[PDB]
Each structure stands twice: as structure tokens, then as C-alpha cells.
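Below: one structure, written as C-alpha cells.
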Amino acid sequence: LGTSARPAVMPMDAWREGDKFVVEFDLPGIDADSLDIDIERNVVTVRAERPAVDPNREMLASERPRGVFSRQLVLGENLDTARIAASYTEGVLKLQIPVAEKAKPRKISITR
Amino acid sequence: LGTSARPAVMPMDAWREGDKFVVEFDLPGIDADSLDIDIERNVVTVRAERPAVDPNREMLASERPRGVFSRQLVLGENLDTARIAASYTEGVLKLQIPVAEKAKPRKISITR
Amino acid sequence: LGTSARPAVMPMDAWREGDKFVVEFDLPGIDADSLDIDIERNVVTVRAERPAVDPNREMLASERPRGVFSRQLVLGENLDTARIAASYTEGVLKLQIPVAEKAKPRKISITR
Amino acid sequence: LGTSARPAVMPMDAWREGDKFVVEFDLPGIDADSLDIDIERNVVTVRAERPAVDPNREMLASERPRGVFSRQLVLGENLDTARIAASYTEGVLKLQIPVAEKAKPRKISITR
Amino acid sequence: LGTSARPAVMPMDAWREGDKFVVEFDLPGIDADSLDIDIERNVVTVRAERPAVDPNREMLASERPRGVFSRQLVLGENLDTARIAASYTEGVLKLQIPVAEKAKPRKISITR
Amino acid sequence: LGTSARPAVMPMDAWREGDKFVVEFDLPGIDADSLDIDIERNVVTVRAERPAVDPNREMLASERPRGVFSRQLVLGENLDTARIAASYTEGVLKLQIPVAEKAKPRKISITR
Amino acid sequence: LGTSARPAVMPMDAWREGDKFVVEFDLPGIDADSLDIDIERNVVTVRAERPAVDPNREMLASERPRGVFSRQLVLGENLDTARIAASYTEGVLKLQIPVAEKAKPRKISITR
Amino acid sequence: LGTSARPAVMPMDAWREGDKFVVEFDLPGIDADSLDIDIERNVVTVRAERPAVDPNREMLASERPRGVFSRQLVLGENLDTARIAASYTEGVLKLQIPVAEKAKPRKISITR
Amino acid sequence: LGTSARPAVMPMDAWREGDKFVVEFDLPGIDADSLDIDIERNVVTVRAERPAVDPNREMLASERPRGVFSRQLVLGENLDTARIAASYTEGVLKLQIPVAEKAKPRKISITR
Amino acid sequence: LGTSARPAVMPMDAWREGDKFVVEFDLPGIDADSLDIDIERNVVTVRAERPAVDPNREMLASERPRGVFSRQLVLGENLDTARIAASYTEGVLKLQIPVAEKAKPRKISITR
Amino acid sequence: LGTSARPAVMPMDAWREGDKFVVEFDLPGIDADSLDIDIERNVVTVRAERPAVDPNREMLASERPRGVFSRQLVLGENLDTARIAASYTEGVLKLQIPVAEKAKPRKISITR
Amino acid sequence: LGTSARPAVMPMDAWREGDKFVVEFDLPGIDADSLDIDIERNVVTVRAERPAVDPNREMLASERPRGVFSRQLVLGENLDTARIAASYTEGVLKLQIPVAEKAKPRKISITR
Amino acid sequence: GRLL
Amino acid sequence: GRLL
Amino acid sequence: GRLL
Amino acid sequence: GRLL
Amino acid sequence: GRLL
Amino acid sequence: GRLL
Amino acid sequence: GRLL
Amino acid sequence: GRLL
Amino acid sequence: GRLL
Amino acid sequence: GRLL
Amino acid sequence: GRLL
Amino acid sequence: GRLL
Ligand code: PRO
Ligand code: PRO
Ligand code: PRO
Ligand code: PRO
Ligand code: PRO
Ligand code: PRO
Ligand code: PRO
Ligand code: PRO
Ligand code: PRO
Ligand code: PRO
Ligand code: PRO
Ligand code: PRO
Ligand SMILES: [Cl-]
Ligand SMILES: [Cl-]
Ligand SMILES: [Cl-]
Ligand SMILES: [Cl-]
Ligand SMILES: [Cl-]
Ligand SMILES: [Cl-]
Ligand SMILES: [Cl-]
Ligand SMILES: [Cl-]
Ligand SMILES: [Cl-]
Ligand SMILES: [Cl-]
Ligand SMILES: [Cl-]
Ligand SMILES: [Cl-]
Ligand SMILES: [Cl-]
Ligand SMILES: [Cl-]
Ligand SMILES: [Cl-]
Ligand SMILES: [Cl-]
Ligand SMILES: [Cl-]
Ligand SMILES: [Cl-]
Ligand SMILES: [Cl-]
Ligand SMILES: [Cl-]
Ligand SMILES: [Cl-]
Ligand SMILES: [Cl-]
Ligand SMILES: [Cl-]
Ligand SMILES: [Cl-]
Ligand code: NA
Ligand code: NA
Ligand code: NA
Ligand code: NA
Ligand code: NA
Ligand code: NA
Ligand code: NA
Ligand code: NA
Ligand code: NA
Ligand code: NA
Ligand code: NA
Ligand code: NA
């Protein structure tokens, strides 16, 4: 089982969709009560827990990962983390963070 | 990506709950159109497909498994496969197969 | 320790001895109370448990596998599973299943 | 060398071709005398032997697998194993098993 | 197969039971004729042989380890190896060596 | 699939048979049109291609290696590569190269 | 030996103790002269060196890791890195960073 | 081939040269058109693409890594990322970032 | 966690310093109450325990090894084990065993 | 670091371009003084050295391979090695060897 | 290179030849000056050194192990280590230790 | 045991000593009767056999490699293989091949 | 509830 | 064409 | 005696 | 959309 | 107490 | 010159 | 009960 | 363009 | 019959 | 001839 | 200082 | 002294 100190990790897809950055996690069979999304200056941390099986229950198969799930994303300065939107459907946690481009950005040129 | 000939596998929990045998699969983000449950004399086959990403879409992360998912279970003679019940919620496919015990079953004794 | 859902496996020898099929398992130090032999239409399942050490006992060495042992054999149609004979001696579980050949069996010929 | 108890395995392609199921094995340099195809209620077993090199022959290279080859296929209920056709050409063993669909088959529906 | 020069090893449990040191080996299906226990000043060596299968016998499975088994234990000075007791039951070789504490033993103190 | 730049390799047996050197390759299910044997001053290169499966064909199993096969042999000076004989039968490519011993060959002596 | 460019790493325990975040490193046998703690906006870097053995000293065993040790921690915005307290005792480097919660923090809600 | 979501990585040397921090990447055979250097508050991201070989070109060897290359560096607060200088010569991308020490920096003392 | 039957091991340096043999163990953060040094005719056994974390404490990192530590050294006949000196400082357990050379020792000559 | 006796290897692309055979090596940051191309009857050997870092320079990262690089190519008889052309640009060493086909070449036919 | 603290090991054959125990080591190219045989109450230690190559010598191949070789044998009580005979020929170190059986030895019987 | 078709390999040192190329093999305990040195246009092949242990001899240790040893060296055009000198002493086979430089050799220049 |  |  |  |  |  |  |  |  |  |  |  |  995954713990706070050694969490289970969940797979992630990430892509930019025009003016929004989107992240999706496979988190099937999670109770919403567990889901916690912590946002830091530029860090998003996703934490979920899926409870262990009743110790008194004899499983014939028990392959599904259980316990604490956690993933931390380090986001770029252009992401307006404060305006994050999060939804959970079909066992998928989807995050939408608006992209907020800075004015007149730097373009580094390379000499030869 | 998983294919028919080399499917991706999905994790399974299995247990007996009184007079029913229950199987659960983590299958997040699956379109119901893909889910197919084939039952054979005593074999349950679960097949799902989760489509590949648009080839024209530049992903920044693409960890989630895609393509064909499949798992086959060989069930005991006591399972009334014909009365299978299947549901898909929170990205979990749950199967419930009634257990139909035979009359006056064999108990093998061991000599010393 | 081996569990129902992740059993420990025990080594097996199998051979045909004239009109009988014989299977032997190394299962040392097993209490007969634990041994269970389940026979299905054509499937033999062997299950044993060897108890865990008293949690209060400080072992200097504890290499012997403990917990649930299980092995399933898929037998051919010619095995009269109903007439299985099982014995346990010198820590070896021996199974004897009569072979019951069908009348005038098929012989597949290969074309060139 | 592969033995009865630890056979060498040979690669297989399998596909459905309309109303027939086809299996092909790479079995080069096999004497037809060795090829044996055993069909069980719904199990096809392919066994071949390719003899070991004369112990008195000094090989400069001996990479080709030798001894007993074996592969078992568990076929679905819809396969008319009794009507199997087998051929061996260009070192390939090809099996053709007619598919015999049952009347008005089950289609499992999934609830949401 | 295990040989004198590369023996197969057998699993061992070891623990102190009050005034006795106990060692148990899983050695199923061993002929007592093979068992040899050699005791050296402070070294116990256990050797057993389980014969290879008749070369003329075609095994369908042959997983059980065969040939020479051997394990050497280096015992502390407090073990009265001369009074060793050995028994073999249910495929388990159990050794009981009395513990013979020396008078007024050393206790090493650690400075800071 | 094997490519020109990363070919699949095929197993080889090689031995001297009196005045001839013989090489055999397992190359089942190869179209003769693909087989190419290139001989260099003292290098034999064998190349074959076995086509990929129709992309539109859903395989249930696809274990057999496909694409480009290639193996290069560096032959000794005594092999009359110009007189090579090659045959392909039962999925085996057999090469026969005459051995042409030089007159009064060197025998290196070792001092002590 | 660990170097600046490929440092040896030392094990760490980390936990929150009420209003303080605590980190402990196993760093036995370190000269305080070597210990350096660098704090960046929100990054703590711990660096230590344990000198290599005198090249002229013949060691009979030399298992203890030597050279440069380094570990970097990326701390959350709520950690008042400026008020870090560090102590080294019994070969353990302990860091205590006060936690300084922001006013009226964000709590991300998840839609269904 | 390396992609945006799974980039190929290129080796890096990094060192401080007095008042400048220098980073060098092995990026041979890169078209300058591909090179992109993105600088974030304190993060430097280097991205390059080396095109795949013409699909119609039969390579005899194709060992060189191709596709998307990317590496991200997390720089300390003292690096004036805004004044980065970048050059590409002999297939090496060299970055020079001025180091801008803060006034009267912290020196953490360790208690005993 | 390390146990009596499967102890955690701690790294060791060993060297001869003139008339003394010295052994050092990295054992940081150990309570002296746990340290036990057992000396046998010519065997030194070092055992320590570092307690497990309070089960009710949520660790954010827990990399440091815990539980039972043990190492056994087999010393030569020339070591006066009875006069062992042991100290524990800066998380290092140091043992000093006097070397007591025998009179007129054997020097084995090798024939050619 | 790579040495003469254990050289570092550099990746290579090779292809035929009409009447020329082309080889390219990734060799970034190499001093031309080091590059040596040795041609043997039909063997091309490429050797380069990239110097080790000043031992007195503290690197923060040092991933780039250094020391002796070497690769040997065994060329076919049709390559006019004497007319090799070599160039080094953008950190890539490119070799161009003319292909000189022999008159009326052998085509080996395969019997069935 | 092997060192005192991490010696290279050399392969050993050992067997009983009537009233003598024989040990042979492969130690080619060793200067007799290096060979040292230390005998302890019942422990034989073999140590040899084969010098490193002149640092100024450019080797084209350097596969042979160099530096310190060492192997320790723990001998039974019946070996008269004091009468060891050692010879070195054809790069093989051969040891002959007389076996000195004790009077009326113990034979441990096993109960059932 | 090493065979003709899968020989054991023996370690080799190789270096140029002025006008001679020298190769040394560790081949301890070899009977000169077995040593065979075959020289081809530019290929040196070394073959030795060290006999297997008497099947009736019970070894207590048998680590030394036995059977067929073989190594092939591909020599450059400048080596006068015809004048090879070979010696076997202290279990080392040493080969000395004169180097015969061609007149006015090619030096390949690299363009920029 | 039996299963292989 | 079904197969396990 | 058949078995998978 | 930037991310490490 | 937050940390990556 | 600091870097993680 | 001591043992190595 | 031949090469081993 | 020689071969590398 | 005994040995560990 | 001898040790195994 | 050349060798592959
Ligand atoms: O060097 C400069 O100033 C330009 C301005 C945009 C980024 N590069
Ligand atoms: O041997 C018998 O007949 C009993 C009946 C139930 C199973 N065993
Ligand atoms: O093809 C047939 O009919 C024969 C009958 C026995 C098996 N094969
Ligand atoms: O539930 C049912 O009865 C339908 C009938 C075909 C399969 N499913
Ligand atoms: O140092 C001493 O003498 C005490 C006596 C018992 C062991 N330690
Ligand atoms: O040394 C020589 O001349 C002999 C002649 C045959 C090979 N060796
Ligand atoms: O959406 C909001 O505004 C609330 C305020 C605290 C965090 N979430
Ligand atoms: O504790 C302090 O205040 C000193 C000032 C520089 C860093 N440490
Ligand atoms: O053979 C001997 O007697 C000598 C005496 C010291 C050791 N060797
Ligand atoms: O066998 C032959 O003679 C033909 C001539 C070209 C190659 N093969
Ligand atoms: O038990 C006993 O006394 C016998 C005597 C020889 C060894 N065993
Ligand atoms: O290009 C040339 O002709 C010179 C001659 C020696 C080798 N290179
Ligand atoms: Cl677990
Ligand atoms: Cl239950
Ligand atoms: Cl893939
Ligand atoms: Cl896109
Ligand atoms: Cl466990
Ligand atoms: Cl206890
Ligand atoms: Cl084999
Ligand atoms: Cl032969
Ligand atoms: Cl074996
Ligand atoms: Cl038989
Ligand atoms: Cl592939
Ligand atoms: Cl199809
Ligand atoms: Cl090192
Ligand atoms: Cl020293
Ligand atoms: Cl790829
Ligand atoms: Cl092309
Ligand atoms: Cl653990
Ligand atoms: Cl807590
Ligand atoms: Cl290195
Ligand atoms: Cl520096
Ligand atoms: Cl080394
Ligand atoms: Cl030199
Ligand atoms: Cl072997
Ligand atoms: Cl013998
Ligand atoms: Na469980
Ligand atoms: Na993708
Ligand atoms: Na235990
Ligand atoms: Na063979
Ligand atoms: Na066997
Ligand atoms: Na395919
Ligand atoms: Na050292
Ligand atoms: Na390619
Ligand atoms: Na914990
Ligand atoms: Na360095
Ligand atoms: Na060297
Ligand atoms: Na042997």
C-alpha cells in the first residue's frame, strides 16, 4: 500500500489546449472525500487515498493499488494556478489551469 | 499501445460475497461503446479500448495506457455465468456472477 | 507469507504411470487440518496453510515459506477426477487420478 | 534441449479468417514422424521433436533449438475442434479449425 | 541437480527455546539412508540426497529439486554439539542442541 | 520488426563434414523471392525478409518474428566461397562451401 | 567516492511536528568543518564531506561511504527557511524549519 | 525517437567559472532552427529536434538518437537568468549565466 | 525493518593499527541501551536496534533504516578478544582488539 | 573515461548514397588534433580523444563522455578505401568511401 | 584492480584424495614473491598480487585481472593444517593438507 | 564446460612493444598437447582444452573452468603473422607477432 | 466463487 | 475464433 | 495423463 | 503550458 | 510542512 | 552557480 | 543459541 | 556499400 | 571449415 | 577433507 | 589483525 | 600492432 512517505503514483496525461493547460490522472474508485488538491506558488500537488481491503475479507485476487496516491507538478510561471478548475468523472481527475502569458516575452538567440 | 494480439491488462480485485462472486477492474476513462463482455461456457473475457491520442496533438505528458485492454477469467463450474451482471461506474467495471453450488459436493479425504 | 490472493506455490512432479496419472507436491510440515483438495469438472486445486510463527517468538533464522499454499492443475478430459486418491506422507502430498481413455480416439493427420 | 517436462516453445500466429480460426507455428526442420496434434474437448496440443545432434559430431555453431517442442491452446466453445485440418509446409505447421457459432448468442449489457 | 561441489540448499528455521537451540529443515521425500549429520568442534553439517528421476521415465512436470542437499551451520561456543538430538518427521529434519552457558560471562561496556 | 539497420537474426548450426563446410539457418515461411546470398572475398551474408502482417488484419496472436533477417559469416581463407551451394527446404536454408586446404600448412609450435 | 558532480546521498526522515517541519539525515563520522547548509528562496541544500582513507593505509574492510555527500530539498512556500535551526548529534543532522501558514488559504473543490 | 512527452536527453557538463555559471550540452548535428532556449523565473529549458531519417532511406546503421531533445535546469536564486548568453559550436550548446550574489548572505551555523 | 532473523547490516571499516585491530561501524541515532557486543572464542557480534517510527506519525519521508542491526566478525586466532575496547561517538561504534602474536610463527614456503 | 584498451564508442549512421557509402559519427567537442582515421586493406578505424576535465576543477555536472573514442568498421571488398574523404562539422565526423563494383558479379541461386 | 579490502578472487577446485585434502587455485602469471599462505588454527588464507600495468604503457587489450588476490578456506577439525604442503606450477597453486581422523568418531542417528 | 560450438573464453592482454605486437592469455593448468595456434591470412585463433574432472571423483569445490577454450584475434595488415612466436610459461600463453610497416603509409586528413 |  |  |  |  |  |  |  |  |  |  |  |  502507498503511504504518505512512499505514495503510490498515478498515471498522468498533460497537454496545452490553446489558452489552457490540462492535466488528467487515472484515479478510479476514489472517494471524493479523499481527493485533495493543494496549490503552491507554482506547484500543484494531487493526493488521494483508496482504502485498504477489510483485513477480515479473503480476496481471491487483489491487484488494484491501494492506499495513498500522490503526484506533484512543478508548473511554469505563466500558469495562473489560483484559477485552477478540477473535476472528477469516470474515475479521471481533470485539472484545467489557465495560461497567462507575460507581456513581450524573452526569445533567446544563439550565436554561432 | 495495447493491441488485440498484445493487449494491455487492467488490474483486478476478486472475492466471494456470500452467494455471489464479484470481480472489479480499474478501467478509467473508457467509452462504454468499447466495453465488451464475452461469456463462454465457464470463461469471462473483458475487452475495452481507450483511443490513442490525436497524432497531431503534442502531449507534454502521456503516461496513461491506451489501446486495447483485455483480461480473461477461467471460472469454476459452480458459477452461473449466464446470469452475469455488469456495471461501470467511477471508472470501475464490476461483474457479479451468482454462485450455484452443486448438490452434495465431493470432499476429498487424505490418507496418512 | 502466502495469501489466498497471492498464494505461495509448492513444487510439483507429474507423470503417467500406466493407467494412472500421478502428481506429487513438496508440502513439508503441513497440518492435515489445512490440506484441502477441491476437484472441478477437470480442475484439481490443492490448498494448504502452514501457520506463521508466533509474533512473540524471536527467530534467529526464518527461511521456510509460510502462509497459504495453492496450486491448480487443469486436467485433460481423459482423467476420471471423481476417483482421485490422495495421500500425505514424509511431507509429500501424492495424488493418483485414474486415466479413462475414450473409445476409438482421434488421430490428427498432417498434410504436406 | 527441450523435454516433455520443460518443452521448448515455438512461436505462433493466430487470427480469425471469416468462418475459420487459423493458427501457424514456426517449426522448421521437423520430421513429420514427430509431429503430434492432440485435440481435447476444447484444447489443442501441438508436440514436435527435433533430434539432438550426434554426440560424436563437433559443431562449430549449434544455435538452433532442439529436443521437444510443445504448445497448448485453450480454444473457445465455438471452435469445432473435431474438424481440425493441419498442414506442414516450408517448416510451418498450419491449423484450421472451423468456427461454429451458437444460435442467438448472449450480449452482455453494462449498466451505468 | 545439486552436487557435492554445488549442493542444493534447503530452507531453515532457527530459534532458541529456553535452554535448547532448535533448527528445522524442509527436506521432504528424503530417504533416511541418505541423511547424514556431521558435527565438528562447533560446526553442524546436514547432508541429504534425493535421487534423480529414472532417466527412462518421461515426466510431464519435474519441479521438485533433486540430488545433493547440504547446509552448514557455524554454532557458538555455548552449544553442546556433542549432545545433539535429530529427528525426521513429516519431511522435516529437526535438530536440538543443548545450550551450555559458561560461568560468569563477559558483558562488554561501551564508552561515550 | 527487423530492419536493414537492425535486422532480426536467425539461428544457425555450423559444422565441417569432411571436405565441406555446412551452415544451416532456421528461416521458416520465407518467400524465395526475398532470400539473397551475398558472398564477399571471405564473407557470406544471408538476408531474408518475411513480410509484416496486413495492417488491417486483427491478429489474436502474432509471436512470429517478421521483417528483415540477416546474418554475416566471416569464413576462413580455406573456404572456396566461389563454389557455394545453397538450398531451402522445410524452412531451412542450407549452405555448402567446399573446403580447399592450402599446400603444406603451417603448424605453430609452442616453446616452454 | 562521492563528488560534487556525483555526490553520495544520505538517508533522510521528514515529518511535520505541529508548527515545525523537521528533517533528519544520517551523517555519521562527519567533521563539522565540512557541514554546509545553504538555504535558497525555498530550497535547502545539505552538503558534507567525509575524507577518503589515507592512500598509504591498507584497509582490511572499507565499506563506509566517503567523499562528498549532498541532498537538496525543495520546500513549500509556507516554510520560513530564514529561521532554520540545525544541529548535529550522534551522527545525525537535524533541521527545524518553522511553518508559517498564509492567511485564509485556498481549498480547491472538485466538481462531479 | 524522442518526443515532447518523452524527450531524448542530452549529456551536460556544468561548473562555476568565477562570476559566471556555465552549462554545456552535446547536441551534434542539430539545425539552429530547432534550438529553443526558454528561461523561466529560475528555470532554463533547452529543446532541440534532430529530424528522423527519410522513411524511404534504407540505413545500414542508424544508432544516432533522433527526434526531440530536452533538458530542464532548476537554477538558484543567485543566477541572473535574464542575462543568459548561448552559443552553438562544434555541436556543443554552451550557456553562460551571470552569477549575481545577494548582499550579506546567510551562513547557517550548526549546534552540537 | 531489520529483524533478528533478517537483520539490517551496517557498513564497516577495518584495519590494523600497529599492535591493535580496529573496526568502525556507522550506527547513527542509536540508543546506547540497544547496543550489545557479544564476544565468542574468536567471533565478535555487534547488535543494535533503532526503533520504528510511531505508527501514528505521518512521515513525509522515511528513508533511514530502522529495526535490528547486526554484524558478525570472525577474528583470527591472534586477536585477544577478551581485551576488546568499544566506544560510540558521533554515531560511530569503534572496536579496538589487541593483536597478540604467537611465538615463532609459521611461514609456509611454496615449491616450484 | 574511455581508454585505448576500453574505448568509449560513439554512435554511427551508415547508408549507401548511389555510388558512395557514407558513415557519420556524433563526436561533439573534439579537437581536430585528436581525430585519427586509419584505413586498413578493408577496415576503417576512427579514433578520437576528448580530454578529461582539469582535476582541480569542481564540476557541478559532468555527464559528457570523455577520454578515448574508437570505432572500427569492417568494409566490403567493393569499397575503395584508398579514396576515403573525411570531414568534421557541427561535431559530426562524416566519411565518404566510393563504392567500386566488380565486373559481372556473382548472384547465388537457391535450389528447392 | 583487487585490493586488500576488496580482493580479486581466484577459482578453486577442492577434493579429498584418500588421506589428503587437496586444493588448487588458478593463479597464472604470479610472482612467487607475492604468494603468501597464512594458516590459522583451522583457516587457510591464500594471498597473491599480480602487479598493475605500467601507467605509461598503452594497452590495446587489458582483460586479465590484476592487483590483490585472496581466498580464505575454513577447514574442518580433522585437517592437520600444520603439515600443509604448497606448490606452484603451470600457474596453479596446489595445497595438500593431511587429513587426521579422530579416534572413534561420532555418528549422529536420526529418530523417526 | 566449454565446447567447440560454445567455447570458454580466456582473458587477454594485448600491447605493441616497439616493432612487435604481443598478446598474453591466462591459460593455467593446460596440457601443451591441447594448445593449438591456427594462423589465417590475418586471423590468429588460439584453442586449448582443459579436461573435465573424472566423473567418478566427488569434488568438494569445482570452480575452475574446464573444457574447450578458444579466442580469435583479427590482426591488421601490418602484422607478419607468418613469423609468429608462441610460448607457454607459468600458465600464460604469450604470442609475439612482428609488426611489418608498409612503405609510405596513408595519413587521412579531415576537412572542416 | 472459484477462479483460475 | 476464441482462444486463451 | 493429460495436463496443462 | 509549462511544466517540469 | 510541504516538500517535494 | 547553484543548480538542482 | 548462537549461530552465524 | 557493404559493412559488417 | 573455419569461421569467426 | 572437510571445508566450509 | 586477521578477519574473515 | 593493429587488432579488432
Ligand atoms: O536579446 C534581446 O534583447 C532579445 C529581446 C527579446 C529576447 N531577446
Ligand atoms: O470418498 C467419498 O465417497 C466421500 C464422499 C464425499 C467426498 N468423499
Ligand atoms: O480423419 C479421420 O477421420 C481419422 C480418424 C481418426 C483420426 N483421424
Ligand atoms: O439480458 C438479456 O437477456 C440480453 C439477451 C441477449 C444478451 N443480453
Ligand atoms: O570490563 C569488565 O571487566 C566487565 C566484567 C564483565 C564484562 N565486563
Ligand atoms: O616453424 C616451422 O618452420 C614449422 C613449419 C611448419 C609450421 N612450423
Ligand atoms: O473557489 C473558492 O473561491 C474557494 C475559496 C477557498 C478555496 N476555494
Ligand atoms: O544566525 C545568524 O544570524 C547568522 C547571520 C548570518 C547567517 N547566520
Ligand atoms: O617448514 C618449516 O619448518 C618452516 C618453519 C617456519 C615455517 N616454515
Ligand atoms: O551459378 C552461376 O554460375 C551463376 C553466375 C552468376 C552467379 N550465379
Ligand atoms: O549416540 C551415540 O552414543 C552413538 C555413538 C556414536 C555416535 N552415536
Ligand atoms: O591525400 C593524400 O594524398 C595524403 C597522402 C598521404 C595520406 N594523405
Ligand atoms: Cl505491500
Ligand atoms: Cl471473506
Ligand atoms: Cl508503445
Ligand atoms: Cl497540440
Ligand atoms: Cl513477507
Ligand atoms: Cl523467543
Ligand atoms: Cl541445454
Ligand atoms: Cl565431427
Ligand atoms: Cl539442472
Ligand atoms: Cl515413462
Ligand atoms: Cl516491434
Ligand atoms: Cl481481421
Ligand atoms: Cl569508487
Ligand atoms: Cl596500513
Ligand atoms: Cl524507437
Ligand atoms: Cl536508400
Ligand atoms: Cl519494510
Ligand atoms: Cl503525524
Ligand atoms: Cl569512470
Ligand atoms: Cl573549480
Ligand atoms: Cl577497475
Ligand atoms: Cl606503450
Ligand atoms: Cl555446465
Ligand atoms: Cl572421490
Ligand atoms: Na489483501
Ligand atoms: Na503520444
Ligand atoms: Na518472523
Ligand atoms: Na552440441
Ligand atoms: Na527429468
Ligand atoms: Na501485428
Ligand atoms: Na580504500
Ligand atoms: Na530508421
Ligand atoms: Na513509516
Ligand atoms: Na570529474
Ligand atoms: Na590499463
Ligand atoms: Na564436477
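Every chain in the C-alpha cells takes a letter, A first, then B, and so on in the order presented; its residues are numbered from 1, and the ligands are numbered from 1 following the presented order.
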For this session: Compile the contact shell of residue 109 in chain I as a ChimeraX atom specification: residues with an atom at most 9 Å away, counting only C-alpha atoms, same-chain residues fewer than 5 positions apart removed.
Result: /K:36-37,85-87
Counting only C-alpha atoms, chain I residues within 12 Å of chain Q, as a ChimeraX atom specification: /I:58-61
note - CA of residue 94 in chain H and CA of residue 24 in chain H are separated by 4.4 Å
Mobile chain I fitted to chain H over all in-order Cα pairs, reported as a short mmCIF file (atom, residue, chain, number, x, y, z; two decimals) with C-alpha atoms, in the first residue's frame:
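Contents of superposed-v9.cif, as written:
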data_model
loop_
_atom_site.label_atom_id
_atom_site.label_comp_id
_atom_site.auth_asym_id
_atom_site.auth_seq_id
_atom_site.Cartn_x
_atom_site.Cartn_y
_atom_site.Cartn_z
CA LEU I 1 12.68 8.76 -31.39
CA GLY I 2 12.35 11.30 -28.60
CA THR I 3 9.07 13.18 -28.36
CA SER I 4 7.75 16.19 -26.48
CA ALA I 5 6.14 13.84 -23.96
CA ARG I 6 9.18 11.51 -23.77
CA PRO I 7 12.15 13.61 -24.94
CA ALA I 8 15.59 12.31 -25.60
CA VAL I 9 18.06 13.75 -23.10
CA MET I 10 21.47 15.09 -23.96
CA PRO I 11 24.53 14.98 -21.70
CA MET I 12 25.51 18.07 -19.78
CA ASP I 13 28.58 19.48 -18.05
CA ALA I 14 28.06 22.28 -15.51
CA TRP I 15 30.53 24.34 -13.49
CA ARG I 16 31.05 27.75 -11.93
CA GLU I 17 33.76 29.88 -13.58
CA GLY I 18 34.33 32.79 -11.20
CA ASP I 19 31.35 35.12 -11.60
CA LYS I 20 29.65 33.01 -14.29
CA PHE I 21 27.83 29.69 -14.29
CA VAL I 22 28.45 27.64 -17.44
CA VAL I 23 26.45 24.76 -18.91
CA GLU I 24 27.44 22.73 -21.98
CA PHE I 25 25.31 20.20 -23.91
CA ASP I 26 26.43 17.66 -26.51
CA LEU I 27 23.96 18.38 -29.36
CA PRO I 28 25.75 17.34 -32.56
CA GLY I 29 24.16 17.71 -35.97
CA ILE I 30 21.34 20.00 -34.81
CA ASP I 31 19.81 22.62 -37.07
CA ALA I 32 19.84 26.00 -35.34
CA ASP I 33 16.23 26.42 -36.48
CA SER I 34 15.28 23.76 -33.92
CA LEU I 35 17.22 25.05 -30.91
CA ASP I 36 14.95 26.81 -28.44
CA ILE I 37 16.05 28.16 -25.08
CA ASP I 38 13.21 29.05 -22.74
CA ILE I 39 14.05 30.83 -19.49
CA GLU I 40 11.60 30.91 -16.60
CA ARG I 41 11.88 32.85 -13.33
CA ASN I 42 14.71 30.47 -12.37
CA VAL I 43 14.31 27.55 -14.83
CA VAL I 44 16.24 27.08 -18.06
CA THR I 45 14.75 24.68 -20.59
CA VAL I 46 16.75 23.58 -23.62
CA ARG I 47 14.89 21.97 -26.51
CA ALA I 48 16.22 20.74 -29.83
CA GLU I 49 14.98 18.48 -32.57
CA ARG I 50 17.09 16.38 -34.91
CA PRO I 51 14.89 15.11 -37.75
CA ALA I 52 14.11 11.46 -38.34
CA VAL I 53 15.63 9.74 -41.36
CA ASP I 54 13.68 9.83 -44.62
CA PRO I 55 11.37 6.79 -44.27
CA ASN I 56 12.31 5.82 -47.82
CA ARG I 57 16.05 5.69 -47.00
CA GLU I 58 17.44 2.23 -46.19
CA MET I 59 20.01 2.74 -43.45
CA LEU I 60 22.71 0.14 -42.90
CA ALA I 61 23.31 1.63 -39.42
CA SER I 62 21.14 4.11 -37.55
CA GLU I 63 22.48 4.45 -33.99
CA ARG I 64 22.37 8.21 -33.58
CA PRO I 65 19.47 9.42 -31.40
CA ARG I 66 16.87 11.45 -33.25
CA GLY I 67 13.69 13.39 -32.58
CA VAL I 68 13.05 15.78 -29.69
CA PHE I 69 15.81 16.57 -27.20
CA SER I 70 15.02 18.44 -24.00
CA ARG I 71 16.63 19.21 -20.66
CA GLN I 72 15.39 21.46 -17.84
CA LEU I 73 17.70 23.06 -15.27
CA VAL I 74 16.44 24.48 -11.99
CA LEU I 75 18.78 27.37 -11.22
CA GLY I 76 19.45 29.02 -7.89
CA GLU I 77 18.15 32.44 -6.95
CA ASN I 78 21.62 33.99 -7.49
CA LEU I 79 21.58 33.34 -11.27
CA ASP I 80 20.67 36.35 -13.42
CA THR I 81 18.79 34.23 -15.94
CA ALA I 82 17.71 37.35 -17.82
CA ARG I 83 21.33 37.91 -18.97
CA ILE I 84 21.86 34.38 -20.35
CA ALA I 85 24.26 34.02 -23.28
CA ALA I 86 24.03 30.99 -25.57
CA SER I 87 26.29 29.72 -28.33
CA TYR I 88 26.40 26.62 -30.50
CA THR I 89 29.71 25.46 -31.97
CA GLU I 90 31.29 22.11 -32.83
CA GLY I 91 27.93 20.57 -31.98
CA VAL I 92 28.04 21.93 -28.41
CA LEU I 93 25.43 24.30 -26.96
CA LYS I 94 27.12 26.46 -24.31
CA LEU I 95 25.13 28.63 -21.89
CA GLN I 96 26.65 31.37 -19.74
CA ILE I 97 24.53 32.74 -16.92
CA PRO I 98 25.99 35.52 -14.75
CA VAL I 99 26.04 34.84 -11.02
CA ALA I 100 24.60 37.75 -9.03
CA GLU I 101 25.37 37.26 -5.36
CA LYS I 102 22.95 38.78 -2.87
CA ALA I 103 24.17 41.24 -0.24
CA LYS I 104 25.39 39.88 3.11
CA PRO I 105 24.27 36.26 2.61
CA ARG I 106 23.11 33.84 5.29
CA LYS I 107 25.57 31.34 6.78
CA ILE I 108 23.78 28.62 8.75
CA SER I 109 25.57 27.53 11.92
CA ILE I 110 25.20 24.02 13.32
CA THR I 111 24.86 23.44 17.05
CA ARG I 112 26.34 20.44 18.84
#
**Q.** Which of chain J DSSP labels strand (DSSP E), written as a PyMOL selection string
**A.** chain J and resi 12-17+20-26+36-40+43-50+59-62+67-74+85-89+92-98+110-111
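Atom 1 (Na, counted along the ligand's line) of ligand 44 to atom 1 (Cl, counted along the ligand's line) of ligand 28 spans 10.6 Å [interatomic distance, one decimal].
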